[PDB]
C-alpha cells in the first residue's frame, strides 16, 4: 500500500513510520515545508503508525535526538516515538478490510489529516490547535501536549485494568478533536476502508 506523507506545516518535520518492532519502508525521513515522501507499507501490516517528529538533530550516521516523537535517537525509526505524538494508526488487509484512525492517546505534537487516496471511505482529521490550547499540567516543556497517562502514570489515565472512563484531560483532547481517540476506551472513531486502499497523511492540513 502507498502512503504519501506530506508536510504542509511551515516548519520542518521528520516523518516516522513503524509497526513497533520494525520500520515501515525506511522508517523515517526529513520533510521540509511542502515536501512529500511516498512510502510503501506491506499488505497485512497490523498496528502500523505514522507520526511527525519536531526539532531533530541527526549526525551523518542518522543518530541524534528530536524534541517530540524521538524513536531511540534514530533518523530511520524501528520503534514507536516518544510522546507527545499525534498518531496516524492503521491495520491493513484485516479479513478483507483496512482500518484507520487518528489517536491523541500518546498526546499531540503536530496537527494531521489521515485520508484514503482511493475510493470507498472517508478520511479523519485532528487539526485544531491542541498545543496552543493545551491544559497547563499537560504542556510538554520540550514542545507539544502530553496525554495524562504519560504525565501522571495512574491506572485511570493509562487504562491499565481495562476499566477506565473519560477524564477531564481526555475530554480536552476529545473537545478539540472529536474525530480522534482521546483515551484507550474512547468510543471508536476508526474508519473501515476497502482492503488494500492507499492513503495520504498530511501534517498541518489547514495551516
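Numbering follows the first chain given and starts at 1.
> Averaged over C-alpha atoms, is the B-factor higher for 144-152 or for 162-170 in this PDB entry?
Result of the comparison: 162-170.
> Looking only at CA atoms, which has the higher mean B factor in the entry: 6-14 or 192-200?
Between 6-14 and 192-200, it is 192-200.
> Just grab whichever of 111, 84, 116, 72 has the top CA B-factor as deposited.
Each of 111, 84, 116, 72 was compared by C-alpha B-factor; the highest is 72.
> Per the coordinate record, which of the options 106, 137, 79, 125 holds the highest CA temperature factor?
The C-alpha B-factor peaks, among 106, 137, 79, 125, at 79.
> Residue 133's Cα B-factor: lowest, middle or highest third of the chain?
According to the entry, residue 133 has a C-alpha B-factor in the chain's lowest third.
> Divide the modelled residues of the chain into thirds by Cα B-factor and specify which third, lowest, middle or highest, holds residue 65.
It belongs to the highest third of the chain when residues are ordered by C-alpha B-factor.
> Would the CA B-factor of residue 181 place it in the lowest, middle or highest third of its chain?
For residue 181, whose C-alpha B-factor we compare with every modelled residue in the chain, the answer is the lowest third.
> State the tercile, meaning the lowest, middle or highest third, of residue 48 with respect to the CA B-factors recorded for its chain.
Lowest third.
> State the tercile, meaning the lowest, middle or highest third, of residue 58 with respect to the CA B-factors recorded for its chain.
Its C-alpha B-factor, which the entry lists for residue 58, ranks in the highest third among residues of this chain.
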